[PDB]
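Input: a single structure, listed below in structure tokens.
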Ligand SMILES: CCOc1cc(C(=O)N2CCC(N3CCN(C)CC3)CC2)ccc1Nc1ncc2c(n1)N(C1CCCC1)c1ccccc1C(=O)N2C
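Numbering (the deposited numbering), first residue to last: 306 to 416.
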């Protein structure tokens, strides 16, 4: 089935995003947002479905995505949360944009 072929290619996108090359801008998305440690009393009012690369990895390694589109939806959700919660001039936003540049480019190049 070409459904798991695409998902295996998405595991490579995930490895690329977690890789040491992109760490200057990707590290805020390694683990979930700790709203209590960052004193974001606001975060879970606005972000109803948090997402991060480690949760995406957990779901991928557990075969929880039925197809590549579900994986892409979660990665983009992680980006959309960051754009939604933060003021557009914050530099977590620039960091998220640099990482999304990696994701969208490698996703489009899927055979
Ligand atoms: C597992 C460790 O976790 C964190 C630890 C610490 C920490 O105390 N030290 C102290 C000095 C830090 N410095 C200052 C800033 N410098 C750009 C780099 C060096 C290094 C580490 C800070 C943030 C963390 N984790 C996080 N995870 C998601 C988000 C997130 N931070 N940022 C920040 C990342 C950098 C700027 C924004 C957010 C902050 C507020 C609201 C939303 C978000 C948000 O959207 N994301 C995705």
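Beta carbons: idealized from backbone N, C-alpha and C, even for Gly.
If residue 359 sits next to residue 336, beta carbons under 8 Å apart, how far is it from one beta carbon to the other, in whole angstroms? On the chain shown, position 54 is the one that residue 359 refers to. On the chain shown, position 31 is the one that residue 336 refers to. Indeed, because the Cβ distance is near 5 Å, the residues count as touching under 8 Å.
Kindly indicate which three-state DSSP category residue 318 falls into: helix, strand or coil? On the chain shown, position 13 is the one that residue 318 refers to. If DSSP states are grouped into helix, strand and coil, residue 318 belongs with the helices.
So, helix, strand or coil for residue 307, using DSSP? Counting from 1 along the chain shown, the entry for residue 307 is found at position 2. Looking at residue 307 - three-state DSSP - the assignment turns out to be helix.
Cβ atoms of residue 400 and residue 333: under 8 Å apart, would you say? Position 28 of the chain shown, counting from 1, holds the residue named residue 333. Position 95 of the chain shown, counting from 1, holds the residue named residue 400. Yes. Within cutoff.
Looking at ligand 1, does it come within less than 7 Å of residue 343, judged from the CB to the closest heavy atom? The count along the chain shown starts at 1 and reaches residue 343 at position 38. At least one heavy atom of ligand 1 lies less than 7 Å from the C-beta of residue 343.
For residue 324, the three-state DSSP class (helix, strand or coil): Here residue 324 corresponds to residue number 19 of the chain shown, with the count starting at 1. In the structure shown, residue 324 sits in coil (DSSP, three-state: anything other than H, G, I, E or B).
Hey, quick one: how far does the alpha helix (DSSP H) through residue 400 stretch, first residue to last? Indexing the chain shown from 1 puts residue 400 at position 95. Segment 396-413, the alpha helix (DSSP H) holding residue 400.
Taking 7 Å as the limit between beta carbons, can you name the residues of its chain near residue 316, skipping five residues before and five after? As a first step, residue 316 is located in the chain shown; it is residue number 11 there, counting from the start. Answer for residue 316: 365, listed in chain order.
Any contact between the region 338-348 and the region 402-416? By contact I mean 3 or more CB pairs, one from each, below 8 Å. Result no; under three Cβ-Cβ pairs closer than 8 Å.
Element boundaries [alpha helix (DSSP H), containing residue 386]: To locate residue 386, count along the chain shown from 1; it is residue 81. Boundaries of the alpha helix (DSSP H) harbouring residue 386: 373-390, taken from the DSSP string.
Can you tell me whether residue 366 is helix, strand or coil according to DSSP? What you label residue 366 is simply residue 61 of the chain shown in a count that begins at 1. DSSP places residue 366 in helix when its eight states are reduced to three.
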